Amino acid sequence: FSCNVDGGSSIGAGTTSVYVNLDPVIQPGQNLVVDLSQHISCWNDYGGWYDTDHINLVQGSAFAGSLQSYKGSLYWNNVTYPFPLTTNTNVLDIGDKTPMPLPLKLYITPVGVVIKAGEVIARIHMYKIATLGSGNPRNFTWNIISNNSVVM
Ligand SMILES: CC(=O)N[C@H]1[C@H](Oc2ccccc2-c2cc(C(=O)O)cc([N+](=O)[O-])c2)O[C@H](CO)[C@H](O)[C@@H]1O
Ligand SMILES: CC(=O)N[C@H]1[C@H](Oc2ccccc2-c2cc(C(=O)O)cc([N+](=O)[O-])c2)O[C@H](CO)[C@H](O)[C@@H]1O
């Protein structure tokens with residue numbers, strides 16, 4: 001099982017930064033919408049749904065400390081969860097060798113500068129286990145970072 005970010009090097013585990021582009025000005029009452037499907041894609045390394053991969057997001061995924069007061073919802077694989085995650089999410093099965101954009105979006109309610117360019121916004125933890133043998137479990141973290149400032 002592997003992923004990449006913006007079509008970069010392949011990632012089988014560990015921590016990767018994901019740089020996103022945000023609306024530079026938002027009004028009070030407006031949320032930020034971070035569509036991570038535009039950035040993170042994953043695939044099965046055999047193809048043909050051989051040794052199918054089972055992927056979920058993990059309880060404890062959270063805002064960066066500086067944004068701890070913010071409110072959020074996380075969309076994953078057809079279901080929406082409150083954020084920070086207080087449960088694991090549903091499982092997405094991955095079996096094609098062609099990269100699948102992750103069905104992942106973050107909606108953020110800020111509670112001046114809303115987001116600073118270059119600062120970590122959120123940390124999303126992801127778990128993989130496959131089907132055959134031990135399933136070769138792997139842990140990933142996606143550290144979401146803004147490319148630009150957002151003001152309100
Ligand atoms: C031991 C293991 O992981 N086995 C998995 C297997 O993995 C590969 C199969 C063929 C070619 C490369 C890999 C592979 C690629 C990467 C990477 O590019 O980052 C990292 C690792 N790794 O972490 O060892 C392995 O894929 C199947 C189907 O996806 C299941 O996921 C299995 O469980
Ligand atoms: C389980 C959990 O919620 N928190 C633990 C956290 O787990 C992860 C952290 C990042 C990415 C994936 C996982 C993970 C998710 C699952 C799953 O979704 O079933 C299963 C496993 N697992 O057993 O290897 C790992 O690991 C830390 C230790 O580094 C502590 O143990 C925490 O308590």
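Counting from 1, the numbers follow the sequence of the chain as shown.
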Hydrophobic clustering (ILVMFWY, side-chain heavy atoms < 4.5 Å, transitive) - are [Y] and [X] grouped together?
| X | Y | value |
| --- | --- | --- |
| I144 | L32 | yes |
| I26 | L22 | yes |
| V5 | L74 | yes |
| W142 | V58 | no |
| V79 | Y107 | no |

Any donor-acceptor pair under 3.5 Å linking the side chain of [X] with the backbone of [Y]?
| X | Y | value |
| --- | --- | --- |
| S149 | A117 | yes |
| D45 | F1 | yes |
| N4 | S10 | no |
| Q38 | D35 | no |
| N44 | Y50 | yes |
| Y70 | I121 | no |
| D23 | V150 | no |
| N139 | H125 | no |
| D51 | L132 | yes |
| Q59 | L85 | no |

Report the C-alpha separation of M126 and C42 in whole Å, then their side-chain angles, then the decisive distance to 0.1 Å, and conclude whether the side chain to side chain contact (heavy atoms under 4.5 Å, CB included) test is met. CA-CA 12 Å; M126 183 174 99; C42 305; 4.2 Å; yes
Is the shortest heavy-atom distance from the side chain of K105 to the side chain of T80 under 4.5 Å? no
Within a strict 4.5 Å, meaning less than it, do heavy atoms of the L92 and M100 side chains meet? yes
Locate the shortest heavy-atom distance separating [X] from [Y]; write the atom from each residue and the value.
| X | Y | result |
| --- | --- | --- |
| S37 | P101 | O-CB, 3.4 Å |
| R138 | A13 | CD-CB, 4.2 Å |
| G12 | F140 | O-CZ, 3.2 Å |
| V114 | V151 | CG2-C, 4.1 Å |

First locate atom [atom1] of [X], then atom [atom2] of [Y], and finally report the distance between them rounded to the nearest 0.5 Å.
| X | Y | atom1 | atom2 | answer |
| --- | --- | --- | --- | --- |
| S41 | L102 | OG | CG | 6.5 Å |
| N77 | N90 | CG | CG | 4.5 Å |
| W76 | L36 | CH2 | CG | 10.0 Å |
| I94 | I55 | CD1 | CD1 | 5.0 Å |
| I124 | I40 | CD1 | CD1 | 6.5 Å |
| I145 | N143 | CD1 | CG | 6.0 Å |

Step by step, work out the side chain to side chain donor-acceptor pair (under 3.5 Å) result for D53 and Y46. CA-CA 10 Å; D53 297 300; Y46 295 134; over 6 Å; no
Regarding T109 and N31, do their side chains bring together a donor and an acceptor under 3.5 Å, going by distance alone? yes
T52-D93 side chain donor-acceptor pair, cut-off 3.5 Å: no
Apply the test ring-ring contact (aromatic ring centres under 6.0 Å, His included) to residues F63 and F83: give CA-CA distance (whole Å), side-chain angles for both, the deciding distance (0.1 Å), then the verdict. CA-CA 8 Å; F63 283 116; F83 191 78; 5.1 Å; yes
Side chain to side chain contact (heavy atoms under 4.5 Å, CB included) for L104 and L57? Distances and angles first, verdict last. CA-CA 10 Å; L104 176 57; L57 312 179; 3.7 Å; yes
